[PDB]
Every structure is written in C-alpha cells, then in structure tokens.
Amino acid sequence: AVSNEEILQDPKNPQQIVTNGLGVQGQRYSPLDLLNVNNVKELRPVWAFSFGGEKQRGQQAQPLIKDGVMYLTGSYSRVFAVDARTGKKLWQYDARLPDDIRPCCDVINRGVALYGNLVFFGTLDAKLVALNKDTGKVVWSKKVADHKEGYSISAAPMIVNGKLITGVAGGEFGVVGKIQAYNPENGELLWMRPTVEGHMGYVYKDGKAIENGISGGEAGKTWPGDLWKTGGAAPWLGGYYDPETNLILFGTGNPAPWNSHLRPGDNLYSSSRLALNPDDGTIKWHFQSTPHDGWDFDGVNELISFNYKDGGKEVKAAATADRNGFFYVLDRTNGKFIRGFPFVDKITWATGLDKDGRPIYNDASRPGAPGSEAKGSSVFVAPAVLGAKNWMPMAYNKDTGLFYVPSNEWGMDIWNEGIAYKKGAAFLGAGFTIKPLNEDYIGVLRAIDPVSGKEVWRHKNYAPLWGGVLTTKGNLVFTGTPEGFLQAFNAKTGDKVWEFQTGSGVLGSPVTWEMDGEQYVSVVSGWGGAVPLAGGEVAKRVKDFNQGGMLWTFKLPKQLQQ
C-alpha cells in the first residue's frame, strides 16, 4: 500500500517514513518538532529487538515505517518486519547465501525499499528480492549479476517513477559497475546502464535487450587496453532522486585495480557523481571527484539536493562530502562545479581544485610503480583509503541551512605492487597502513555551511565515526558512535544534549516519526563495517568494542513534551 505519490510526499506525513533518506532527495531532515533541545533529556528506550542467529558484524540499515510496521535489514542479507509500538516480530526472511559471497568490507546491508504491497532488498550474492509485506514470503527474485565474479549488493534500493532501481558492489574485485531498473510488481528488467566507459547500456522490451548507447561514447577514451573490462566504478551506495530536474543522482566507486600505474587516464566514470534519466537509464551529466584515482577514493558518497538564493537568483544545488576530503557543491541541473573546499584538516594528494572542480594534484602523494622490485616505495597520504567520509550519510537541516557530516581524520602509508586479474579474486595491487593524525580522536562530526564554505562547529570522537546522521526541526542532530552511543547535539552549536549506551557500536542512520501523538526515534546497532579490517593503530583503538545486532526504539512521552 505504498504509492509513488506517497514516496514523493516524504517527509511531510508525520506517521511514516517510506524512503531511505526521509525524502527522495536524501536530506535526512524531519519536520517533527515535538522533541527538541529543551525536552530531549526525557527521551528514553521503549523496546528493543534482537536480530539473533549468531550472525552479528555490521548493521547499517535505516528502518522504514508504514502502517505502524518497521521494515529493516540485518547483516548476512536478512529482512525483519517489526511492530513499531511493541517491538514484536511480524516476520523475518533469511536469504540462503552461498559460501563464496565476495563482499569487500563486511556483510552489511543498508535497508529496504517499499512499493505497493512489497518489500525489496538486495542480497550479498547480488540478487534483488521482493517479499510480501504481510507474510515475508518471496514474491520474486532476480539475479542482478554473477556473485562468482565478485559482485554483491550492500545498498538500499530506491523507487523512482514506479521503477525499482539498484546498483551493485565489487570494485575491489574488478567488477563492471552498473545501475539497473526493474518493474517492482514482477521483477522484469527495464534498463541497464554501465558506469565504466566502453560498455553498452540497454533498454528491454518484450524480454529482448535493445542497445541504448555505450557509456562514455566509446571504449578506450580514458582507459588503456582492455583495462575497462574490469574497471570497477561500482555504484555501491545507491543514490537519491530530485523531482525538480527528474534526475537520479548516483555516485560511483573507485577504478580498479588500486595500482593506478596499470590504468593511465581519467578512468571514467569511476569516482564520479552521475545524473541519470529514470525513463531509460541514460547518463545526462557527470562530475568526477577523483580522476585517475590512486587511493581507493570511491566517489559514491551521497549527492544531496538543496536550494538556496544567490544574488536574488535561485540556485538548484547539490552537495557531497567526498572520500577524498573535499566538500563539493554542484549545480544539479547540469553537473557544473559551484564550489569545493576541504572538510578535514589535512589533505596531501591535491593542493586545491581548479575552476572546473578538477584536482590540482601533488604527485609526491601518489605511490610509485614497483618497477624492478616486488613493491614500490610507500608514500604518506591523507585522507586514508577509508576516506574523510565513507558510506555513512550526512544530513541537511533546512532551518540552519547546514550539512552535518560524520568525518574522520587519518592518513596512511600506501604502496603499489603488480596485480593480474583473476575472476573472483581480489584485484588490488596496493597495500596500506592507516595512521591516525591525532592521538586522542579520529571521528569529527562537523557542521558545514555549503553557501559560505565554512565550518560552523565540530565535535570530536575517540573512535572513528561510522554512522549516518539525522537532523530535525527541533534543533537536533543525531548520530551513533562505535563506543555504542546514540548521541544528540544542538544543531546550532554542536553541544551534546543527550546520549544512550546501546551496548554495541551504532552505524545505522537514525529515523524519527510520530505515532499516537508521540515522537519516536529509532536506530540499528551492531559494530562492523570496514574499520575492524584495519590493522595497526586503528585496531588498537577499537579493540574493546563488541559486536551486536539490535533495533532500538526510543520515545518522548506525551506528558513530558511541554
């Protein structure tokens, strides 16, 4: 019972959230102001729900809420439907995964989409699955790509104009990134768009594939040889949608392999934001945040539409906080660069950006080719591969006009080595050691003014930040930490105003809605993601955190709101 019109209405209906992002554009702003800075001290848990199964590791989903039911996912490709008032399980679906799934960076899933009477998610073996919302039974299932080649799906899918859209993951395995659209009611494929230059895109009619143009025009323009056959650029975080331009906004992963000396050229459309026509999957514009990447600076980070006035004229902009340390503001009608500036305190790989937004490179920060030796010499670089910001989404507060960015301060030693492609095997050609830049913190929650280009406030955390952000009309910003807290801040000043220890690192993006006249806040807990794969000093810092897997629901009691 979710229509396309209801999706387009988020977040205006207080009782429900039917989108990843609290609105198709991904602003993660709630207009609810029952809960505010003056009464958040009265927020407390009302129930929890354990995912069970002796299956923990990272838990990244944002729940959706419709008709008093919460729909969410867990690690190892599981879906849960849970009563929003009581916490009682309605049903659970556990995908049967093969033993040879190939995630790069933990067995995570970032959420469902809803349409009609169905619940949709992508699996770690690169299937797209539709479940009946009331029973959890499978209605249809389609293979998006071959998991034996290194494809997986970790992102939440999205609905645009009645079409169900998913990307894929796997750049660390040399997959060919692609975005594809499906009929939500029966899983019929509608179109497919590669994100690597040289591959053909298609529309589908009557079960036939109809050519619909080569991505990037022709193979070999910004890649050498046949490197584009394994080029990566996986659109692994999903994307968002702008109704004003009718464009899907999707970022793309790093080019493969990590050894950039094997692939001279800009390597399109890796490490880029793409704007696509949802009718047919054609790319209307692109902006490449890291041409010829050498640092696994994936360009997937969300591109969030927002509007502002400049010298009397209305600007249709979009902002993104990139892995590479720059915060970018683009004209979302045509992809043109407006401004770009660091949102972390140290960037070594570039000294700035040119007038089109292309980096001005510092070539001493690119690791050298191995040449005669087994490994090249290491170079120190900031940010580290894990980025100034990774998967975890920022949020936009319409009242303050600021973005709230979960960032990290770390560099690395990185080196290169030879690497041959082998189907199903890692395709790196580089190694690294992460080196935090500061002894007493890594994570920094930052409030950024995208019009002036200035940081307004910052809040430091000992561990890295790895969780999505929520902001609300009550002058609140919420986000989780690996220490296990859900925390709230004053959106104007950054002062901490509330927190709760959930018992496991919090990665899920928080969500808020209203039921029976009371405001609820919920988040998914359970530590994991890429940070536990880092050795060295980062591992020492996070060693005492424990795994989990739990949905937490909090409420402000009606009698305490005033």
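Residue numbers run from 1 along the displayed sequence.
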Once average C-alpha B-factors are taken from the entry for 302 to 310 and 154 to 162, the winner is 302 to 310
The stretch carrying the higher mean Cα B factor in the deposited entry, 176 to 184 or 447 to 455, is 447 to 455
In this crystal structure's PDB entry, the residue among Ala113, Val477, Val82, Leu353 with the greatest CA B factor is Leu353
Top Cα B-factor in this entry, restricted to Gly357, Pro194, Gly468, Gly325, sits on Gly357
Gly225: C-alpha B-factor third of its chain, per the entry, is the middle
Quick tally, chain-level thirds of C-alpha B-factors: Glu409 sits in the middle
By the entry's values, the third containing the CA B factor of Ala234 is the lowest
So, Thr19's CA B-factor, relative to its chain, sits in which third? The lowest
Entry-reported C-alpha B-factor of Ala534 relative to its chain, by third, is highest
